[PDB]
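**Student:** got a sequence here, can you build the structure:
(9 chains, ligands or ions: 5)
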Amino acid sequence: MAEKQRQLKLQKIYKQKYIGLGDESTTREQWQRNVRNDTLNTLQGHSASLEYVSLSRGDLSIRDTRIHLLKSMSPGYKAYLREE
Amino acid sequence: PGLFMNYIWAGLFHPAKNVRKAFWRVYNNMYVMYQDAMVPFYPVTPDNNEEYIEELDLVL
Amino acid sequence: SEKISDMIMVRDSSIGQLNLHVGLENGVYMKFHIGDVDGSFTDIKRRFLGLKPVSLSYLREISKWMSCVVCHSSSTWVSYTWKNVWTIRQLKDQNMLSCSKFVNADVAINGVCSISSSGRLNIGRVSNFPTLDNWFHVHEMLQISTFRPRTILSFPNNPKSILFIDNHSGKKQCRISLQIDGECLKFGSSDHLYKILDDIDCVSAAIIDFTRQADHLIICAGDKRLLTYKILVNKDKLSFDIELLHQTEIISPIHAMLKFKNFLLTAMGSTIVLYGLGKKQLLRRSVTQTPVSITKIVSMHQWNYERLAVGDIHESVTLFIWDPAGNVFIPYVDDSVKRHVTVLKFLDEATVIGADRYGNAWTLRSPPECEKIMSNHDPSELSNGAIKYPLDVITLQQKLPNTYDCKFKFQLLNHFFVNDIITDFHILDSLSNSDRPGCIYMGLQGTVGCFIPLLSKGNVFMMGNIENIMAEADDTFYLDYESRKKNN
Amino acid sequence: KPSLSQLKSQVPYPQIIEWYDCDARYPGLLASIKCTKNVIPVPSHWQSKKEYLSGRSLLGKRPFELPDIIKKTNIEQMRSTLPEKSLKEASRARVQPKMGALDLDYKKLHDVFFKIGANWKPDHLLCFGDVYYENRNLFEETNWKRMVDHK
Amino acid sequence: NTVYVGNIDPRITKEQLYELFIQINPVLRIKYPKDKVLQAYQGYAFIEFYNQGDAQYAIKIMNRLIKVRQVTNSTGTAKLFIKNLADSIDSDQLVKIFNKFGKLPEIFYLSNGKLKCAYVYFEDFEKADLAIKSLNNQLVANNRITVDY
Amino acid sequence: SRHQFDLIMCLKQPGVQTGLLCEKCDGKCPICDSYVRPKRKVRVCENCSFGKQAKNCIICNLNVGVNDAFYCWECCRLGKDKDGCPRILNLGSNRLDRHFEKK
Amino acid sequence: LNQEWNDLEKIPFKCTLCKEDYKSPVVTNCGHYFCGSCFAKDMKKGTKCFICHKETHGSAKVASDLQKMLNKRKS
Amino acid sequence: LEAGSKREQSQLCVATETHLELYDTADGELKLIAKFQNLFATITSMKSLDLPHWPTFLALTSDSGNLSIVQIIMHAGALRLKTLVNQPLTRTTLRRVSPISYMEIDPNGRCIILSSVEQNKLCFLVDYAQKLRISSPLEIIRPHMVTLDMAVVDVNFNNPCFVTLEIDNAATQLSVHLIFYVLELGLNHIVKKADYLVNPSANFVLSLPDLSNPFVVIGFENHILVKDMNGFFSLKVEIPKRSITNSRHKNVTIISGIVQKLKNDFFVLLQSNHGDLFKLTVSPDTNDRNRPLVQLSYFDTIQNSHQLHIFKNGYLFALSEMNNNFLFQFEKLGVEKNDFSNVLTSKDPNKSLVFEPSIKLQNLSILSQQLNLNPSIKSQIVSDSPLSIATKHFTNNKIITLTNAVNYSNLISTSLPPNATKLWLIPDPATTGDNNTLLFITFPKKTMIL
Amino acid sequence: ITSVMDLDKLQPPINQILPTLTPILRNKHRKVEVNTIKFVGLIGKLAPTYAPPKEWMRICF
Ligand SMILES: [Zn+2]
Ligand SMILES: [Zn+2]
Ligand SMILES: [Zn+2]
Ligand SMILES: [Zn+2]
Ligand SMILES: [Zn+2]
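**Tutor:** Numbers count the residues shown, from 1 in each chain, chains lettered A, B, ... in the order given. Ligands and ions are numbered 1, 2, ... in the order given. You can find the structure just below:
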């Protein structure tokens, strides 16, 4: 009882630091997003993996791929491209 | 994390609320130690989720 | 050992160490630290350069002032020493029978005169030395080309005659430029040293010899069309011509193809297709559907026409066997973990080296349980028919239909992380007459590195101990500092 | 709530899916994860009120056998553990005491772990997807490898 | 490719069955049935072959005494002499060693076990001829064997 | 603490100040509570600094601190090093209950 | 304390090879001592000391200090 | 280095993830001085901090979640890279919450400031004493906001400010809004001053020095803005364009933007996707009031540049992204503000100018290059034994053969009679004080002299 | 005094000190047990060779 209710306390502290930590009842919608935002973070982060994506896209400047990756972290970037 | 996570993906959802509850503890401990180290290993495919990420299939 | 062919003695100013430079007959070169007062011989440094008695000679150069002793053999090796290391190397001139310093106008520094192995007097200027800091010397208003390069090929028969292909950024267009030996070629009688194909852009290309006496080029357009040209060197005008033949329609983009026996082995997105050559087009001599996991084939490579290795975008890797009389490849081994392959090879017939998008570089070996079996049977047996599989292995299939489908798994053999994305491995049989065959990789952000096998059991121990020493050094120094503050 | 027949059609390996997978909050996803290339199923002793390890097999488990290489070191004889001293004679041992009880040889012990048993590796171990289910017994399976080879 | 083999002596083991049937062809698995808790054997066992043409051969060939009893085998529902055997050598072991020369036996034993010799009748005297020579002498289990007509 | 469940760590952004341990709790990792093989100094947040509070052991927070506190090697391999301020706030069930019984 | 768990003459006068008087003496990186003929012949087979079996590398000093201590007059 | 007493701001250190190097200038051409030991981490940012009252020591944050202030120093006989302060932050990997990847430094050296993408941003407050000293960090955590382009405002010692473009991660629509922060040294915490919502296209921010409430230049897709913090001024200048617009043409954008000010001259170099390079000035607009006028005009262009720097010398350094970094000096200093022909103004934002890119390169001058192979998409090995590698060059598209050997140039060969063995040389004793030199050959029968 | 000063020149000497301590380990209390165990372990480090090994075994009990 005393232990189990410590466990809650660290769960809410870790989730604040590290953002996505699924608990027990996590919507598939909810989990998937965390999987999308870590890939976008890693793809942009390593300098190799930003090149490899930039060249493959044929995007004009490495920098614009890096923003293409960050705006994708928003859910309304799909809509925003469609209205261009 | 990859060879270890193979054991943990299955019951990470699962119907059981209990089996589910126990796997999530382990996954939570892993995600803390590895956030960017899990990214290659997630069991996610273009159909399995709506959006996926189209830049993971790109080959130069 | 053998009788001494030649010897020299040199004192280099900086360290003041007095060095005995001893050539030998049979090719082995040696060097010795010498004590000035005592006369002792220490710090023996040998090497093996060419096959022929050595006959050294001596010079004085720069880059601060320096001295090096070139070594004459089947090829010339200079043998300088930068600060507190010494590196024997080679020299781009095939050989020099004797070499001696020279000073002149037009302004000469490093200038050196020598006699070629043809017995022909000539002058040279020795320029770049590979210090450990740089170690590779590059050779060839604001300068911008519109064509961004795509691939590079090599003729299978002609050992090194390298072909180049580019692509336009703009209206789709492609240039081709060949070079044999030193410098390029002209196109036919044209001024230009390149060709320009129009409406073609190369997704991936390979040159393949369907027959022994000719060479063909294969391009995949993005249009899903597979174009085959023909390479004609004049020999000796000499110039290159490229000659159109076919047009072939394809379902996939074809990210990889290579030369399997007599054939193009091309990899459609899902499936493998094996093409021969025909008039009017090229035609499908075989097809194999892939097991369910593999969505694309990013790259693939073979072993002596017997086996394949097939990478995937997302899944790891698979091995195959060519089965004649079945006219199909039958998978025998899969992998445990998800690994995104950029490139893949065979060090050996049971093993594989690879890379990832994420920077890992790993080696996978196929288990001996599978080696006994694949050694004691004829491939036609694997697909259907009787192979006697141990009790266990089947029970893994039934217990895990997804994982153990194949049914064996590589044992991961090495894994290591280099933050580049490795594009090519090149497995070399030797580097500069060295015994240890290396595999030298090259990365995207620009790199070259190598994996050298350590063949000892003795070295791997020492080197191990040294990696452990330097690895935590920052911790050791810190513990000594803490405890020396605690008590002093 | 899709019937398993509906749910087994989506999957490239329909033989994993089971009656209960139907009731997952997100079955479409679960069936696709579970059928992913290398995922290994959750251990099967959930839904068992038994507490995972319960007796019937565990009644008869044998105590322990030292690996053979270690058994060469002769310790098995010097200390007999399977299966004595009056309390007065014990308290006399604290005061005396007695030296050289084991008579073990130091050079022999070192070599077993290093020189002779350098590459000694256990006979079966396990493979990637073998979970240990409650009733399994490895002592049979290990011998069955030993049996097939020698006969 | 499943065989019921009964009338087993309550001490025959799965190991002994393996040695017995293994010569007929590769085995997938063997099970001697035992009482749930006392483990007392039930005097019969299932022997699963990989190829039914082996199971059938075993049924039409080993239908033989084990620890004193003749085994009843059913679907689950050219003479040479050998002397100086390694005692650890039983019928199975004897079969496996000579079966290589062609289609074929009994290692004869008495209260104190392996008694030392036995015979093996080959379907061919050519087979027998090859058995002799290629075996007579050479050491089998530390011991040197005498293989004659 | 590893074995005493009620005590609540801080877990805030570590500042530049080093935690201290009393003579009795000296030589211990504040996470796993092991006496072996230290690696890195601990670093605690400002809001665990200020006045009298700063001096007290970062484990019992009762006695006054003297030596620096290090993380053990194993807690620096897993990463539990950098989670946050490794300082115990409450005195805990065990310490109080002994105290009242004695008087 | 010896743990199992973990005017001395060390110079033989006659050779370990000749078993004779040292003539044209030789020193190694050890305190080894041989004839000029001795040490050259051992390397025709052996990689290492005739005694230590440590690495000699064929390295041999003129040993005159031997002849000294083999003098009755030393140096 | 080499000089008992010399101090000049011309010198530069350049890093890539693992690797790190130091170059010098003021000789007119960029020299390599030192390459340091192998780092074994991932350097995720590097910014010099120059602090008042003394060398400068590059503050370096990486993987490992350490803020490491390093002083490159002379020790033993060779340059070493010596560390001063490494403060712990978060955990070791390159991970979204952890505060690296954006590091911008108060121009005077009062404080470093770090951010992440999403969650937290930190600010450490530097001080110098008998030994360098860092304050405990200053935190602000905005939970759902992924961040892009942290660029920082200079200030005259008032109180350090910085500006970011943050986009919210959880919302129905994409709205990416610019947000000012002011560290208040008096109360010692970071305050959020102004928050303005700008169109979704926003790409990057840049600081305009003084205008004597600081102004920022915000690059959108096909135009620029400047904004004041209080909202008083929002000025659009539609960015110019090429004439041809070959094949695939993106909306343009602006990727770099230095500001280099001298002698009341305020101008800023601001470059776009295509490599085009523009200059702004902000002019008092005397007629209306004294209020800003913004002007885009054209410069030399160049290949794309990850980041730009201007020395106290006229020299300019452009760090190219795809390869082959450069060093320019600019003589011309661009087209004067006077022309209404080729220059745009803030008078009306709606208007568009077309220009023709000049291959001549009039304003700048090359002075230097550094050959890098940034991408190498394929290569071959030719000549196993000397180990040559043939590969291309991405932007230049010329062949590059990269070998291990000793480069040996040949000149004036001459035919010698058959079968020579050795060769010698002696400075000629005959003519004493003359270059003449005896060259000897030898044959098995014969001996020749020259 | 013992850790500070050389062992060889300790006046009592050591071999006469250590057998006097072993019956003190039975002294219960704490101040005696603590301060003794630190003294005995000192000699285990610095001068193991003095007391015979059956004396070290009397301490291990
Ligand atoms: Zn304490
Ligand atoms: Zn710890
Ligand atoms: Zn705290
Ligand atoms: Zn002798
Ligand atoms: Zn020796």
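**Student:** please count neighbours and contacts with C-alpha atoms only from this point.
**Tutor:** Fine.
**Student:** not counting sequence-adjacent ones, nearest residue to the residue in the stretch 101-250 of chain C that ligand 1 sits nearest to?
**Tutor:** Residue nearest to ligand 1 within the stretch 101-250 of chain C (CA to the ion): residue C:133, separated by 51.6 Å. Leaving aside its sequence neighbours, residue C:133 sits nearest to residue H:35 (CA to CA, 6 or more residues apart in numbering or on different chains; 7.9 Å).
**Student:** chain B versus the one you found, what's the distance?
**Tutor:** 30 Å (CA to the nearest CA, to the nearest Å).
**Student:** residue G:68 falls within a helix, correct?
**Tutor:** Yes. Assigned with DSSP: H, G, I helix; E, B strand; the rest coil, residue G:68 falls within a helix.
**Student:** and it, what does it touch?
**Tutor:** Residue G:68 makes contact with G:74, G:75, according to CA atoms under 8 Å, 6 or more residues apart in numbering or on different chains.
**Student:** quick one: it from chain D, how far?
**Tutor:** Using CA to the nearest CA, we find residue G:68 at a distance of 43 Å from chain D.
**Student:** taking chain G, what residue is nearest to ligand 1?
**Tutor:** residue G:6 (38.5 Å).
**Student:** repeat for chain I
**Tutor:** Closest point on chain I to ligand 1, by CA to the ion, is residue I:34, at 19.1 Å.
**Student:** just chain E next, same as before
**Tutor:** residue E:37 (56.5 Å).
**Student:** residues in contact with that residue?
**Tutor:** No residues are in contact with residue E:37 under the rule CA under 8 Å, 6+ apart.
**Student:** is it true that residue H:73 lies in a strand?
**Tutor:** Yes. Judged by three-state DSSP, residue H:73 forms part of a strand.
**Student:** run a quick neighbour tally on the residue of the stretch 1-150 of chain H found nearest chain A.
**Tutor:** Nearest residue of the stretch 1-150 of chain H to chain A: residue H:96, at 6.0 Å (CA to the nearest CA). A count of neighbours around residue H:96, defined by other CA atoms under 10 Å in any protein chain shown, yields 25.
**Student:** give me the phi and psi for residue C:311.
**Tutor:** Dihedral pair for residue C:311: phi -90, psi 170, per degrees, to the nearest 10.
**Student:** ok, how many other residues are close to the closest residue to it other than its chain neighbours?
**Tutor:** Excluding the flanking residues, the one nearest residue C:311 by CA to CA, 6+ apart is residue C:317, at 4.5 Å. Neighbourhood size, residue C:317 [other CA under 10 Å]: 28.
**Student:** please identify the buried residues of the lengthiest helix in chain D?
**Tutor:** The single longest helix within chain D, with elements called by DSSP state H, is helix D:138-150. Neighbour counts over helix D:138-150 (16 or more other CA atoms under 10 Å in any protein chain shown) mark D:144, D:148 as buried.
**Student:** would you map the helices across the chain?
**Tutor:** With no chain named, the answer covers chain A. Using DSSP H, helices in chain A cover A:4-18, A:28-45, A:47-57, A:62-71, A:77-82.
**Student:** oops, wrong one, chain I.
**Tutor:** Using DSSP H, helices in chain I cover I:14-21, I:31-46, I:53-60.
**Student:** picking that back up, roughly how far does the residue of the stretch 101-250 of chain C closest to ligand 1 sit from chain E?
**Tutor:** Shown here: residue C:133 relative to chain E, a distance of 62 Å by CA to the nearest CA.
**Student:** one step back: so which of the helices of chain I is nearest residue D:54?
**Tutor:** Evaluated with CA to CA, the helices of chain I place helix I:53-60 nearest to residue D:54, the distance being 41.9 Å.
**Student:** out of the helices of chain I, the one nearest chain D is which?
**Tutor:** Set against chain D and scored by CA to the nearest CA, the helices of chain I come closest in helix I:53-60, at 6.2 Å.
**Student:** need the residues that contact the closest one.
**Tutor:** D:94, D:95, D:96, D:97, D:98, D:99, I:19, I:22.
**Student:** top of these by neighbour count?
**Tutor:** residue I:22 (17 neighbours).
**Student:** which non-adjacent residue is nearest that one?
**Tutor:** Closest to residue I:22 by CA to CA, 6+ apart is residue I:59, at 6.4 Å.
**Student:** what does chain A have sitting close to chain D?
**Tutor:** Residues of chain A lying close to chain D (CA under 8 Å from any CA of the partner chain) are residue A:28.
**Student:** now with 6 Å, please.
**Tutor:** Within chain A, no position is adjacent to chain D by CA under 6 Å from any CA of the partner chain.
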